[PDB]
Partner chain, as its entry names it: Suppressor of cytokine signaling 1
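Take a look at this single chain, the form solved without the partner chain, given in structure tokens.
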């Protein structure tokens, strides 16, 4: 009778709090000894409110990503009856950039922010080179490993780009993070690697504003276009982008950093900078 270190029994999984939420992520303590000494893990499960194939594809994607800036897969939790699966990941106590940055503003300077930018680009470049589109790159999905290290922590919308194709055609777009989305995603429901570059520029803007809610891309775009357009919000967002309007320069952000951000926001995907170029650009500012 052999031992699988990637197999977690649901009986020993004890919920502590919600980390995020068709899917939900919870902080759990895996306690097979039942004495509260067990390890804390992040557990992704389906909400009953079936998307089992989607979660299984996410698990298979994450199980085969090995990068310092990508959250670690720990294992799976399956029930003997064959009904359902849970994704088990490592837990990062500092949380995402959304929680970490407002709390550590005095500790985190521009140099450390640019190092996080490089790490996000590296994790994203590794993902892209493996023919994947992330589709949900935002600061809330960037986890803090330590003051010196960040990791992409959620892959719920990650899709494989088919061979001999430049993009993924989006069908389900109801819960799209529209304020992080490139015009081709909003207008044609097409997802390219360059669309993840656009989303990175938006995430870079959040990082430079220390994830303050009043300076969020949603709060800023709604001030630009109007906050009471309801079902017309996306069209008014697309027109604004078609006009060449973009998010403004963060306070105390030097122009050279802002210019790299603007290269992520070129209207045409082909005219946008790559993650390789972004990495080179930030590295040139760090030395």
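Numbering follows the first chain given and starts at 1. If you superpose the two forms and keep the largest set of C-alpha atoms that fall within 1.5 Å, you have the rigid core.
At least a third of the other compared entries skip residue 50 while keeping the residues on either side.
Note: missing coordinates for residue 80 occur in a third or more of the other compared entries bracketing this position.
Where coordinates are absent for parts of the deposited sequence, a chain break appears; between neighbours residue 21 and residue 22 it spans 1 to 3 residues.
According to the record, 1 to 3 deposited residues between residue 49 and residue 50 are left without atomic coordinates. Higher average CA B factor: 184 to 192, of the stretches 151 to 159 and 184 to 192. Averaged over their C-alpha atoms, the temperature factors of 224 to 232 and 66 to 74 are higher for 224 to 232. Comparing the listed residues 55, 249, 237, 41, the entry records the largest Cα B-factor for 249. For residue 85, the recorded CA temperature factor ranks within the middle third of the chain's modelled residues. For residue 132, the recorded CA temperature factor ranks within the middle third of the chain's modelled residues. Ranked by C-alpha B-factor against the other modelled residues of its chain, residue 257 falls in the highest third. Residue 114: CA B factor in the middle third of modelled residues in this chain (values from the PDB entry). Per the deposited record, the Cα B-factor of residue 106 falls in the highest third when ranked against the other modelled residues of its chain.
Same protein, other form: the form deposited with the partner chain bound, not shown, and the subject of what follows.
The closest non-hydrogen atom of residue 188 lies within 4.5 Å of the partner chain in the bound PDB entry. The closest heavy atom approach of residue 178 to the partner chain in the bound PDB entry falls within 4.5 Å. None of the heavy atoms of residue 52 is located within 4.5 Å of the partner chain in the bound PDB entry. Contact between residue 115 and the partner chain in the bound PDB entry is not found at the 4.5 Å heavy atom cutoff. Proximity to the partner chain in the bound PDB entry, defined as a heavy atom within 4.5 Å, holds among 245, 229, 63, 57 only for 229. Judged against the partner chain in the bound PDB entry with a 4.5 angstroms heavy atom cut-off, the residues 207, 249 and 266 are out of contact without exception.
Between 208 to 216, 107 to 115, 68 to 76, 169 to 177, the stretch whose residues reach within 4.5 angstroms of the partner chain in the bound PDB entry through a non-hydrogen atom is 169 to 177. Residue 279 shows a C-alpha shift below 2 Å between the shown form and the other one [criterion: core-superposed Cα displacement of 2 Å]. Once you line up the core between the shown form and the other one, the Cα of residue 263 stays within less than 2 Å of where it was. The Cα position of residue 228 differs by 2 Å or more between the shown form and the other one after fitting on the rigid core. Compared with the form shown here, the Cα atoms of residue 59 and residue 174 move at least 3 Å closer together in the bound PDB entry. Note: residue 231-residue 158 Cα separation is 3 Å or more shorter in the bound PDB entry than here.
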